[PDB]
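Neighbour counts are summed over all protein chains in view; Cβ atoms, including those assigned to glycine, are modelled from backbone coordinates with ideal geometry. Any read-out appearing in this document is the output of simple, stated calculations on the displayed coordinates, not a laboratory observation.
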Amino acid sequence: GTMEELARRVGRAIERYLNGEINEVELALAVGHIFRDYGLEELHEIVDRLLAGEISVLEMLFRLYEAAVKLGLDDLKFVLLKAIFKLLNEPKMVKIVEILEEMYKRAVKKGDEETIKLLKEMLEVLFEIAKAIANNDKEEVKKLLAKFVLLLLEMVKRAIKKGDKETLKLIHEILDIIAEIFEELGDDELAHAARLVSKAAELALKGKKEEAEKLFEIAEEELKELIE
Amino acid sequence: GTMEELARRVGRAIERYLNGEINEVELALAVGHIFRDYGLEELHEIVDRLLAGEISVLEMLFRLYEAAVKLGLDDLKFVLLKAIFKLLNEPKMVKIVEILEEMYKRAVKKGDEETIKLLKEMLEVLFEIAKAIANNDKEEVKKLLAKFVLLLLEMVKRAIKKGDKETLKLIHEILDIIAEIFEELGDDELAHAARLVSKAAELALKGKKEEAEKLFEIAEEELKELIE
Amino acid sequence: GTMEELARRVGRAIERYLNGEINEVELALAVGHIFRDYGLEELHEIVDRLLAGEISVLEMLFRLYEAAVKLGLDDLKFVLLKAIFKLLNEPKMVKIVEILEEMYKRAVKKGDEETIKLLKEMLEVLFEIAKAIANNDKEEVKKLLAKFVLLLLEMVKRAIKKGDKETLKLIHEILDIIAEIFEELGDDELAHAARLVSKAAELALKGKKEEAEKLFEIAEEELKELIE
Ligand SMILES: [Zn+2]
Ligand SMILES: [Zn+2]
Ligand SMILES: [Zn+2]
Ligand SMILES: [Zn+2]
Ligand SMILES: [Zn+2]
Ligand SMILES: [Zn+2]
């Protein structure tokens, strides 16, 4: 069939595994069969490695995400990222990925192609964040989240000069979630920068976009300072 | 292999599922593999739908039966009908299907081809009965059972002019089962018509086939009157 | 992939089944998929017979071993023999198979091709021993073990004329295990012959190979006498 259904099938299999309905061998067999039905041989080999017991579910998910990045499948990428962020107990990251998926789905139905590369760099940053979390190395997580906040700042700067309004709300929600994450990680300056960007986006959405440029430059200067 | 081996394998898998030995994912994987081994692609997609959790076992069985009717596989049809009538708690309908299957196996080893279309029509009627039962609509069940009784009346009329004797006993047993079904459904007139046909068949089998016809047209007018 | 990784994958699947991690349907599906991935169709049909419930795991292992003997896969043969001797509660035979596979692995990395045929004959003898045990027929087990001891005697006679030293230790350990097996089987003469051969091997390894030959012919005539 089409690549959209394939992602739905794989996602349903992974949710069945996560909820406890099926086990690892059943999940491996089902996902390998699904991938083989669509002709994806590399993904089938990666799942075969799980079927042999060499790797675990999280490692298989990481390798599947890398392979899908090489191939260029988007819905499968979002499904795999949500599964990765659900295997690790982080509901906030899953919420961020869900909002980004909604943004991507809104973007693909129109001619906006400049945002797609953004939405993609941010997916790479999210993948690096997940990898760093899996390594239990908390120092790189903050820098990667700072890069994510900078990317969202660039996207909101692009969006303000246009007439979009739902994009502003979604970026505000994402930035609020990241600020909460920063607060839960024992950091205050990066959380303050994220809340500054969120406040600037809120001001721009409200109608007073003249006050937003000073907030934007202050926030970007602070973010650049804190990364180094 | 041959179409007879496939039916036995699928039936065995379904009994393993029904007895509680295997679960739904294992059953889906096994049955899809069996169908793929024999080159039946459409049945494989139908089972794939179950593997994704879109449909249940009963809906999958119904779709498999429809696909096998389109293809023309008989033993698979009988296996699927028995499974359908076993998932719904109706041993009597399973007994009717078993007797029909024995009749079909007896007929195929000889040159009798006229009984084949009648058995196919009765299989269609039984499929509609199962569908109506799944819909919990009790009004159409009685009408469909009346049509089934009329078809058995036609077959017994055909068989009496011939020398068949086991067919007479099997039709008598089937008619008794339908009479019990009608009695358990809170109906008395249709049960009386079914018992009238059974009595006519028994009289013809005994040797007094002169008295059978009066009963025969009496039962047929009663059945025609009760359908409308 | 290569035939070495296939044996590892199959052995891992069977180990998972034996340890209780997976059940018979999961093992059947996994092993059939593994054999299908490498293009081994006959092994796939043999596993299919297990998927349908016609045969059990032990019978499936026996048929797979016979088919691999016909095909000429050695690592798969060792894996299947180990699984067979693990399903039957016999750790000593598993130890014998492990030592034999170590000897085979040592031999295949050099130019020694004469030991390969003798190891093949001993593998046939061990397969016959497993078959006889599965039949609960104890009298043939002793004669087959006598033939195995004679084959080990031939190998030790060949190896003494060469400079091999680890081979002598391995045959000594194997002969000690067979002697323990004979003692546990309520036999003393065959156990005495096995211990005689082991003592001759130990004497030859120590450096006094002049006294080994007398023990050698004594043990071989005793073994020939006891078989008849
Ligand atoms: Zn595979
Ligand atoms: Zn503060
Ligand atoms: Zn499929
Ligand atoms: Zn009455
Ligand atoms: Zn197969
Ligand atoms: Zn003694």
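Given A:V31, A:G53, A:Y17, which one lies farthest toward the positive end of the charge dipole of the range A:1-82, if we put +1 on the Cβ of every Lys and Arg and -1 on the Cβ of every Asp and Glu? Value computed over the given set: A:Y17. Extension gain, C:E139-C:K92: 0.36 nm per intervening residue step, less the Cα-Cα distance, totals 15.1 nm. Taking a quarter of the surface of the Cα convex hull of the protein assembly as shown gives a mean projected area of 47.9 nm². Where does helix C:212-227 land angle-wise versus the long Cα axis of chain C, in degrees 0 to 90, nearest 10? Helix C:212-227 sits at roughly 60 degrees to that axis.
For the range C:97-132, which GluC sites (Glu not before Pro) pass both filters: DSSP loop (anything but H, G, I, E, B) and at most 15 other C-beta atoms within 10 Å?
The qualifying sites are C:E113.
Calculate the FRET efficiency for B:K110 and B:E59 from the Cβ-Cβ distance with a Förster distance of 30 Å, rounded to the nearest 0.05. E between B:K110 and B:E59, to the nearest 0.05, is 0.20.
Computed over chain A with a Gaussian network model linking Cα atoms closer than 10 Å, the most mobile of A:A30, A:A193, A:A52 is A:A52. Position B:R8: other-copy label points at 4.0, 4.0 nm, ordered by increasing distance, label point 7 Å along Cα→C-beta. Taking the longest Cα principal axis of chain C as reference, the axis of helix C:166-184 is set at about 80 degrees.
For helix A:74-87, report the angle its Cα long axis makes with the longest principal axis of the Cα atoms of chain A; keep it between 0 and 90° and round to the nearest 10°. Helix A:74-87 and the main axis of chain A meet at about 90 degrees. Annotation: the residues A:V197, B:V156, sorted from fewest to most other C-beta atoms within 10 Å of their own C-beta, follow the order B:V156, A:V197.
Here each label is just a point 7 Å from Cα along the line to Cβ, and for B:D176 and C:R8 those points are 6.6 nm apart.
Once a ≥ b ≥ c are taken as the square roots of the eigenvalues of the Cα gyration tensor of the range B:22-99, is the result rounded (a/c under 1.5), prolate (a/b larger than b/c) or oblate (a/b not larger than b/c)? Oblate shape, in that a/c is at least 1.5 and b/c is the bigger or equal ratio.
Distances between copies of B:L151, taken at a point 7 Å out from Cα along the Cα→Cβ vector and listed shortest first: 6.3, 6.3 nm. For chain B, the direction-averaged projected area of the alpha-carbon convex hull comes to 13.0 nm².
Ranking of A:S198, B:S56 by neighbouring Cβ atoms within 10 Å, starting from the fewest: B:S56, A:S198.
Placing a label point 7 Å from Cα along the Cα-to-Cβ direction at A:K138 gives distances to the equivalent points in the other copies of 6.6, 6.7 nm, listed shortest first.
Relative to the Cα centre, what is the charge dipole magnitude of the range B:4-159, using +1 at the beta carbon of each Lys and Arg, -1 at the beta carbon of each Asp and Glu, and rounding to the nearest 20 debye?
With only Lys, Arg, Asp and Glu charged at Cβ, the dipole is about 680 debye.
The trypsin sites (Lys or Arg not before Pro) of the range A:56-145 that meet both conditions, a loop assignment by DSSP and at most 16 other Cβ atoms within 10 Å of the site Cβ, are A:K109, A:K110.
Applying a 10 Å radius around every beta-carbon, put A:212-225, A:169-182 in order of their mean neighbour count, most first.
Descending mean neighbour count gives A:169-182, A:212-225.
Placing unit charges on each Cβ (+1 for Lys and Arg, -1 for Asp and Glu) gives the range B:66-217 a dipole about its Cα centre, and among B:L203, B:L144, B:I181 the Cα reaching farthest toward its positive end belongs to B:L203. Distance from the axis that maps chain B onto chain C is least for the Cβ of the chain B residue given, with the whole Å value, as B:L29, 3.
Past 25 Å, Cα to Cα: identify those pairs from B:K95/B:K161; A:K92/A:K214; B:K86/B:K110; A:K117/A:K147; B:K138/B:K199; C:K138/C:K165, in the order given. Long pairs (Cα-Cα over 25 Å): B:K95/B:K161; A:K92/A:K214; B:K86/B:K110; B:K138/B:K199; C:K138/C:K165. Rounded to the nearest 20 debye, the dipole magnitude of the protein assembly as shown is 840 debye, with +1 charges on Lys and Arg beta carbons, -1 on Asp and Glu beta carbons, and the Cα centre as origin. Return the FRET efficiency for the residue pair C:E121, A:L185: r is the Cβ-Cβ distance, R0 is 41 Å, and the value is rounded to the nearest 0.05. So, using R0 = 41 Å, E works out to roughly 0.05.
Can you sort C:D188, B:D75 so the residue with the fewest Cβ neighbours within 10 Å comes first?
Details: C:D188 10, B:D75 21.
Starting with the residue having the fewest Cβ neighbours, the order is C:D188, B:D75.
All other residues whose Cβ lies under 11 angstrom from that of A:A13 are scored, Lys and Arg at +1 and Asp and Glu at -1, for a net of +1. Computed over chain C, the per-residue total of -39500 (n - 2.57) for DSSP H runs of n ≥ 4 gives a 222 nm mean residue ellipticity of -27500 deg cm²/dmol, rounded to 500.
If you take every residue apart from C:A132 with its C-beta less than 11 Å away from the C-beta of C:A132, what net charge results, scoring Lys and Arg +1 and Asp and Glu -1?
0
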